[PDB]
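**Student:** Chains as they are written, first to last, in this note's numbering: chain R, 1 to 238; chain G, 239 to 475. Each residue gets a CB set at the ideal place from its N, CA and C atoms; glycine is no exception.
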Amino acid sequence: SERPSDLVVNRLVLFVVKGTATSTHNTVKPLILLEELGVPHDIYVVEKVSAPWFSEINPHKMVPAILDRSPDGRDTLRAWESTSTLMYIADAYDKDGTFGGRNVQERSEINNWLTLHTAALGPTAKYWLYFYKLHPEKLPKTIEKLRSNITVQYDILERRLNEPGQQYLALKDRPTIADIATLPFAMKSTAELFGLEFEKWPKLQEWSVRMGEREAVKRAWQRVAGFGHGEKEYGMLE
Amino acid sequence: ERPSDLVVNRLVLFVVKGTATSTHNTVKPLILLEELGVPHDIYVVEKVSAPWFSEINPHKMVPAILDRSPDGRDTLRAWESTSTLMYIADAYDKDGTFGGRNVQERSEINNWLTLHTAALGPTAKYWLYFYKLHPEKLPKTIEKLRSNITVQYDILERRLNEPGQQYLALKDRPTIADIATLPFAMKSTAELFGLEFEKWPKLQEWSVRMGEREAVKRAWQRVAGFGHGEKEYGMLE
Ligand SMILES: N[C@@H](CCC(=O)N[C@@H](CS[C@@]1(Cc2ccccc2)NC(=O)[C@](S)(CO)NC1=O)C(=O)NCC(=O)O)C(=O)O
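1. Can you look up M211 of chain R in the DSSP assignment and give me helix, strand or coil?
2. Taking only the alpha-carbon atoms, compute the straight-line gap between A120 of chain R and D72 of chain R and give it to the nearest angstrom.
3. Go ahead and label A51 of chain R buried or exposed: buried means 16 or more other beta carbons lie within 10 angstroms of its beta carbon, across all protein chains shown.
4. Any heavy atom of ligand 1 within a distance shorter than 7 Å of the CB on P373 of chain G?
5. Determine the direct distance from the alpha carbon of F368 of chain G to that of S148 of chain R, and round the result to whole angstroms.
6. Apart from the five residues on each side of it in sequence, which residues of its chain come closer than 8 Å, Cβ to Cβ, to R397 of chain G?
7. How about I57 of chain R and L14 of chain R: are their beta carbons less than 8 Å apart?
8. Distance check for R3 of chain R and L274 of chain G, CA to CA, integer angstroms please.
9. Express the C-alpha separation of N399 of chain G and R339 of chain G in angstroms, rounding to a whole number.
10. Please report the distance separating the alpha-carbon of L376 of chain G from that of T142 of chain R.
11. Taking a cut of 8 Å between CB atoms, which residues from the region 144 to 169 of chain R lie near chain G?
12. Going by the DSSP bridge assignment, what does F15 of chain R pair with across the sheet?
13. Can you name the start and end residues of the beta strand (DSSP E) that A316 of chain G belongs to?
14. Any heavy atom of ligand 1 closer than 7 Å to the beta-carbon of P296 of chain G?
15. Between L77 of chain R and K29 of chain R, is the Cβ-Cβ spacing less than 8 Å?
16. Secondary structure at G235 of chain R, three-state DSSP: helix, strand or coil?
17. Taking the straight line between their C-alpha atoms, what separation do you get for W221 of chain R and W458 of chain G?
18. Would you check whether ligand 1 has a heavy atom nearer than 7 Å to the C-beta of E106 of chain R?
19. Name the chain R residues whose beta carbon is nearer than 7 Å to that of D312 of chain G?
20. If I follow the unbroken alpha helix (DSSP H) through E109 of chain R, where does it start and stop?
21. I need the boundaries of the alpha helix (DSSP H) containing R160 of chain R, first residue and last residue.
Take a look at the structure:
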């Protein structure tokens, strides 16, 4: 179809939906990294991700998605899938690799822990929530297995954060796009949604609190809850 | 402690014995190694549950990589098939032939690579897990995962019907996005899922075009053969 009247690309545009307890856990990831790097950006609140105009931006028809100007400003490019939005923002805006990785060694571990989330906890959590409340019929045995698979992912993260000096998932010294991608599915509130006691993974809990105390993370959680509840319900925010 | 025959004089790719279902992820890094002509060893892991292997991949699966850092100071590791592709591209694809030359190329490569990593990859794995490995058969779950595979095929079909779009990410050449997607988007794997792959003609054409690449042929031949040659387990000659 046609782009809405109010959709223009003068800078990075992050596509989101109306903030709810379960609508923000993927969209908050690129928003954390934008807040961390202080990247100039707009927010577009999509009413319907099923709308044909949106599929042209993200053929998977989900948020988050990004439209941005190419480095020279002549062309517009796109990023979609939360992990891909983190990789794009790091590529375009994190030139000294503070969150992307400064060398092959740092990027090897960042990509390991980022991909572990993208392949395992991320999709498992998405399937858990889908079967738990979106699938027309309730399938408790499938829901229970997916819940059990989440505990195995928590076990792997817990083991990593028990290693000497390992303050963050990828690097010892600082948080990376691996930590940002993992945080929304490895914090107390999300653990409680899954029906899990988060205190059973103490180093992972400590890690999640340490991440949550970062000012950029606080600002991202604030803003993502508010999107679509302000003066403008849908479209390009002021 | 590591086995005596495990040494890292070059990139070491960890695999298991080649079977009908054991190679769909390990073949991915092997394809890119073959494409770039990276010097490498193959280590056939008998038990991925072995404590020594959990030190290399805490997720206890193949593929996994041990390699020397470019400066030679560190022994790096890569694990998760998508991450092994990202590492090999980072360390050995100087010109970004498979990794992407600029921000614009990498934007689309990372889009289609991640779509596989998050959607078709894990959906396929969950399908096979419930279909044959879960103690109980759950037909309604298996059907929904099968339905989700067709939705991913539909997305890939739509992409390959765009003007001049010969590959998933870039128009002109295949990338690590194409390598990651191929093993779960070819006729043999489509048949395993109980799907008729002719229903996605551009996707089938793409899968044939990929399969005709010499690096891809060599990768498929070698991955099937691992553990069935002179040596059953450990470092191959
Ligand atoms: N997220 C990771 C997961 C890799 C992984 O699952 N590796 C499996 C064999 S790869 C496959 C393929 C496949 C899946 C579905 C349909 C066809 C092929 N084969 C499998 O048999 C299993 S183990 C089934 O769950 N899972 C897999 O992903 C392994 O280590 N097996 C050891 C053994 O048990 O001896 C990645 O993408 O790298």
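**Tutor:** The structure says:
1. Taking the first residue of the first sequence as 1, we reach residue 211 of chain R at position 211. Helix, per DSSP.
2. Working through the first sequence from its first residue, we reach residue 120 of chain R at position 120. Working through the first sequence from its first residue, we reach residue 72 of chain R at position 72. Linking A120 of chain R to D72 of chain R through their CA atoms gives a straight-line distance of about 36 Å.
3. If you number the first sequence from 1, residue 51 of chain R lands on position 51. Burial call: exposed.
4. For the purposes of this step, residue 373 of chain G is taken as the residue at position 135 of the second sequence. Because no heavy atom of ligand 1 lies under 7 Å away, the Cβ of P373 of chain G does not count as near it: no.
5. Against the first sequence, residue 148 of chain R aligns to sequence position 148. Against the second sequence, residue 368 of chain G aligns to sequence position 130. So the alpha carbons of these two residues sit roughly 14 Å apart.
6. Taking the first residue of the second sequence as 1, we reach residue 397 of chain G at position 159. If we look at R397 of chain G and ignore the five residues flanking it on each side, its Cβ neighbours are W350, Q403, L406.
7. As a first step, residue 57 of chain R is located in the first sequence; it is residue number 57 there, counting from the start. As a first step, residue 14 of chain R is located in the first sequence; it is residue number 14 there, counting from the start. No.
8. In the second sequence, the residue the question calls residue 274 of chain G occupies position 36. In the first sequence, the residue the question calls residue 3 of chain R occupies position 3. Taking the straight line joining both Cα atoms gives about 41 Å.
9. On the second sequence, position 101 is the one that residue 339 of chain G refers to. On the second sequence, position 161 is the one that residue 399 of chain G refers to. Spanning the two alpha carbons is a distance of roughly 24 Å.
10. Counted from its first residue, the second sequence places residue 376 of chain G at position 138. Counted from its first residue, the first sequence places residue 142 of chain R at position 142. Straight-line Cα distance between these residues: approximately 8 Å.
11. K145, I156, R159, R160
12. Locating residue 15 of chain R in the first sequence gives position 15, counting from the first residue. Paired residue(s): R:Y44, R:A65.
13. Stepping through the second sequence from its first residue, residue 316 of chain G is reached at position 78. Per DSSP, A316 of chain G belongs to the beta strand (DSSP E) from 313 to 317.
14. Indexing the second sequence from 1 puts residue 296 of chain G at position 58. Not so, every heavy atom of ligand 1 lies at least 7 Å from the Cβ.
15. Stepping through the first sequence from its first residue, residue 77 of chain R is reached at position 77. Stepping through the first sequence from its first residue, residue 29 of chain R is reached at position 29. For the 8 Å CB-CB criterion, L77 of chain R and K29 of chain R do not form a contact.
16. Along the first sequence, one-based indexing puts residue 235 of chain R at 235. Note: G235 of chain R maps to strand in three-state DSSP.
17. Position 221 of the first sequence, counted from the first residue, corresponds to residue 221 of chain R. Position 220 of the second sequence, counted from the first residue, corresponds to residue 458 of chain G. Spanning the two alpha carbons is a distance of roughly 46 Å.
18. Start at 1 with the first residue of the first sequence, and residue 106 of chain R comes out as number 106. For ligand 1, not one heavy atom lies less than 7 Å from the Cβ of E106 of chain R.
19. Numbered from 1 along the second sequence, position 74 holds the residue referred to as residue 312 of chain G. Going along chain R in sequence order, the residues near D312 of chain G (Cβ under 7 Å) are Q105.
20. Start at 1 with the first residue of the first sequence, and residue 109 of chain R comes out as number 109. Element bounds for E109 of chain R: 104 to 116.
21. Along the first sequence, one-based indexing puts residue 160 of chain R at 160. Run containing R160 of chain R: 140 to 161, per the alpha helix (DSSP H) assignment.
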